[PDB]
């Protein structure tokens, strides 16, 4: 009745350390992402479903990009807007920001009400960014998440 997603650090070199898992469950109000992660910087981290089932690095615009092969934020409706987990006008893959505790662990459960079934996650990937997520494309694109820190294929 649940999915367990192993998350690993993303380097320009390839894949890095395993930093734990995220357990995805179904609730009457949407999918609940319960992290069991370690080794993250305290604070709020951008957290999204990406289109492709890969965490491999790649080259873009002559720049090394960790976990580039995951593609962009999951966007089956082709909205082209990053508007967060509570706005149906943006990427379906926009999840609530990941909450990292003072000791670098992540445990606080995150409800994504726009996702209703675990079947919607199959063939995709989960991404944790270095920066946060203000659920907007301003003042920074894609909520300000920036580089990809960790990634896991579903």
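Numbering follows the first chain given and starts at 1.
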Averaging CA B factors per stretch from the PDB record, which one is higher: 59 to 67 or 37 to 45?
59 to 67
Which of 118 to 126 and 90 to 98 has higher mean CA B factor, as the PDB entry lists it:
118 to 126
Among the modelled residues of its chain, does the C-alpha B-factor of residue 5 lie in the lowest, middle or highest third?
middle
Could you say whether, by C-alpha temperature factor, residue 11 belongs to the lowest, middle or highest third of its chain?
highest
If you rank every modelled residue in this chain by C-alpha B factor, which third holds residue 140: lowest, middle or highest?
highest
